[PDB]
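Listed next as structure tokens is one chain, alone, in the form deposited in one PDB entry.
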């Protein structure tokens, strides 16, 4: 009977008048928060004026031109080429086609294999699911399609053995070199990864990881792609997660965080090297020119402008981010069954564990996470479980009072969670 009635800021309300804290910002994407009535006006105006632009005209729709110009002001130097899509999933599928076409154009038609990671998520298309490494997605299908390979994820809690996180980062990155050499560098087109793995559980790699991944890609002349599905548009305090981790990808993909989810959209941001190679090839020219639904572009422009002009991204970096990260660690580090408390900017997580001292996970990874999640939900807090990882990505506009409000509810729920563990003898 429970229906959602409205949203404002970080809150949702139901038909019974109950306030719900959205600690996940819809699908990790409602970065400016709920209730942006100004976006509705942007959509209305664009649709009344010119919701279409026909290819009969050799020019680009002014709404799309304006969006691309704003994006160029906020994206790293050298990403003047943007190919618009309808979603993060389509962005990934397009990027796969682009990376393969680039090598064809270069006269290296064998260079077609993309390398991803286990527990990596890259959307839901046949191609994206194949690049992804989600156990259940490959489990129930014909995946992966040819020319896809996977390396283990940089999850220190599980795989670190006796290494420090920094030592482990180097070893985890070197799995890419090992895989490139196993396949043959001349068969490898790209490595693709989320700066922080989102759906996998907010797996935050060690500081040593991305620099070594980047060194390895450059050494073997393999393209480097960041999937900014979740880290894009201010989530880490930088505009894009790759900026936080300090690597410089050749292309990066974006999902509906581009519009804070208010209309469906995505994009592939294409760097100078690949853009020039594809422009010589010619078969993405239609897309580079005529991609982007004008009404969706108008909403995304309003959203990106708000992110910049209202100082929202800067505020994550300098203000609410450090506050959230400190408070997050203060709140959860004391629990007997919580470990690997982690996060940066406005994405954060922890893992529910059987025994901290032994780094021992619960068996049937996910059962305990579901149990904890159900408690959060009963208490009108949205934070999700990915296996036994608990994850949070609230709207970036969250105030310190709202941070503290959310944490107080979560803290109460964790106390309940541990009581239920003990009472069922699983502790």
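Residue numbers count along the first chain shown, from 1. Here, rigid core means the biggest group of C-alpha atoms that superpose within 1.5 Å across both forms. Only residues modelled in both forms are compared.
- Among other compared entries that model residues flanking residue 140, a third or more give it no coordinates.
- Comparing the deposited coordinates for 414 to 422 and 20 to 28, the stretch with the larger average C-alpha B-factor is 414 to 422.
- When the C-alpha B-factors of 200 to 208 and 74 to 82 are averaged, 74 to 82 comes out higher.
- Between the residues 159, 135, 117, 97, the entry's highest C-alpha temperature factor is the one at 135.
- Among all modelled residues in its chain, residue 233 ranks in the lowest third by Cα B-factor.
- Sort the chain's modelled residues by C-alpha temperature factor and residue 379 lands in the middle third, per the entry.
- Residue 269 sits in the lowest third of its chain by CA B factor, as recorded in the PDB entry.
- The PDB entry assigns residue 398 a C-alpha temperature factor belonging to the middle third of its chain's modelled residues.
- When the modelled residues of the chain are ordered by their C-alpha B factor, residue 391 lands in the lowest third.
The same protein also has a form solved in complex with a small molecule, omitted here; what follows describes it.
- Proximity to the small molecule in the deposited bound form holds for all of 28, 92 and 121, with the criterion being a heavy atom within 4.5 Å.
- In the deposited bound form, at least one heavy atom of residue 87 sits within 4.5 Å of the small molecule.
- The small molecule in the deposited bound form is not approached by residue 312, whose heavy atoms all lie more than 4.5 angstroms from it.
- Of the heavy atoms in residue 172, none are within 4.5 Å of the small molecule in the deposited bound form.
- In the deposited bound form, residue 61 stays away from the small molecule, with no heavy atom inside 4.5 Å.
- Annotated contact segment (heavy atom within 4.5 Å of the small molecule in the deposited bound form): 250 to 258, selected among 104 to 112, 250 to 258, 146 to 154, 70 to 78.
- 230 is the sole member of 298, 96, 230, 352 with a non-hydrogen atom within 4.5 Å of the small molecule in the deposited bound form.
- Contact with the small molecule in the deposited bound form, judged by any heavy atom within 4.5 Å, is made by just one of 199, 324, 176, 278: 199.
- When the two forms are superposed on their rigid core between the shown form and the other one, the C-alpha shift of 2 Å or more among 140, 164, 333, 285 belongs solely to 140.
- After superposition on the rigid core, stretches of three or more consecutive residues whose Cα atoms move by at least 2 Å between the shown form and the other one are found at 26 to 28, 51 to 55, 139 to 141.
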